[PDB]
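One chain comes next, on its own, written out as structure tokens in the form deposited in one PDB entry.
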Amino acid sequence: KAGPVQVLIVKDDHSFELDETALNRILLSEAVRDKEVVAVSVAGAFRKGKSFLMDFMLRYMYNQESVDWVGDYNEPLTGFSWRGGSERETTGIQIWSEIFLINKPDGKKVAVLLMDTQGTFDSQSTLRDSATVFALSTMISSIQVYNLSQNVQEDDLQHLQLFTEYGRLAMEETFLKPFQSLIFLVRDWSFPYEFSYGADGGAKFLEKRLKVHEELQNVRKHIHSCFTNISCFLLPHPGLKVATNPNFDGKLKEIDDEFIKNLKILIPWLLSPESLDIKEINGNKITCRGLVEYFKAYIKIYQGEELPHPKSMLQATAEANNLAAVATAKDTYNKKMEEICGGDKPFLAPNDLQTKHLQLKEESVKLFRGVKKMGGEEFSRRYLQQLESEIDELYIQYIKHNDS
């Protein structure tokens, strides 16, 4: 049980291929499908400590109610791990086979999806092979941890140029900020005396970096408009044993103390009850079901050799936004029906179980027509149809079962 399930692959021919089956298997499973989702992503350069940090996100996700979740100092780091099989820089994006169910403060039993997004952001594998995944995971995440080395550099901000172009359009269309949280995680920070480790120091740091000369890095002037939350955490260097090694055999004892001290505040600061942010688009809390719709949409857009036109992107999330309002209606109805005549439920009367259908179907039609939909009036007629012929095919399956 549990492990990385490479979902979105980027093959040698600029082709983004999405393995739907594995994806449905995880997100569609009957335990989670209906719970609202928190989609946490860590993006950024390969070989910068991502896997490492993620294995520690797991140590916490599992052993969440126990102070010593960091593990046994005099034993070798031994959790599930994300670095399981990396024979190469397979530059796509994997997610954690197991979802996690947790209770936020106010009560909602929400679900938590972790996604490691590999890329390079370096050589020629960038044009359509880096800000492509990064683009991807951002769109669908609710929390993006942008894992950087030593400093937020001009070239790091450059990769956001895309998101601010798209976000500006989504904002015009929707009147809401496009994205949720963006967390700048700076690793091996080594000017404690200039800005303290952790979030407070990070906040002052990130304020200085983002102010305002410089080229077309007026990503500066628009980021903020795009995310409801940008924030920053300054992590220490892990000591030389960790940094000097391909695979890190040693024990927790061998990691630097001031790194452990801050990692211990870092992980709960990101995950954990109050910190979690439910995925939200055009005002609509996405669910685990709903979120498969977005994956599906954002993946037939990143096909070809050209990153998409911000205009096509917007249209991708409109299709998804629409396909999701449909998916809930074909479930609001479905659940209400399973009450009037499901399981060992009684009754009958065709002439009667018809009006309770036209009833609930009309109720469910409003539910849809009302959901703030994006795309526009005509664009979503296509989906009003899709809806009705699914509630109707669901009806049939109830007439059949009703007969007794």
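Basically, rigid core = biggest C-alpha set you can superpose within 1.5 Å across the two forms. The first residue of the sequence shown is number 1, and the count goes up from there.
- In this entry, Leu101 and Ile102 are joined directly, with no residue of the deposited sequence lacking coordinates between them.
- Between 334-342 and 54-62, it is 334-342 that carries the larger average Cα temperature factor according to the deposited entry.
- If you average the C-alpha B-factors over 276-284 and over 150-158, the higher value belongs to 276-284.
- Within the listed group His237, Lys261, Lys300, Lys211, the record reports its top CA B-factor for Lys300.
- When the CA B factors of the chain's modelled residues are split into thirds, the value for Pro178 lands in the lowest one.
- Among the modelled residues of the chain, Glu75 sits in the middle third by CA temperature factor in this PDB entry.
- For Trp96, the recorded CA B-factor ranks within the middle third of the chain. Only modelled residues enter the ranking.
- The deposited CA B-factor of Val110 belongs to the middle third of values across its chain.
- Sorting the modelled residues of the chain by their CA temperature factor places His222 in the lowest third.
Only in words, not in the display: the form deposited in another entry, which the text now covers.
- Candidate set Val110, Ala170, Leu270, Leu148; criterion, C-alpha shift of 2 Å or more between this form and the one not shown after rigid-core fit; matching residue, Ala170.
- The two forms, fitted on the rigid core, differ between this form and the one not shown by 2 Å or more at the CA of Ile391.
- Relative to the superposed rigid core, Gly375 undergoes a CA displacement of at least 2 Å between this form and the one not shown.
- Remark: with the core as the superposition reference, the CA shift of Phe80 between this form and the one not shown reaches 2 Å or more.
- A shift of at least 3 angstroms brings the Cα atoms of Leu8 and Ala170 nearer to each other in the other form than in the displayed structure.
- The Cα-Cα distance between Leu169 and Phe295 is shortened by 3 Å or more in the other form relative to the form shown here.
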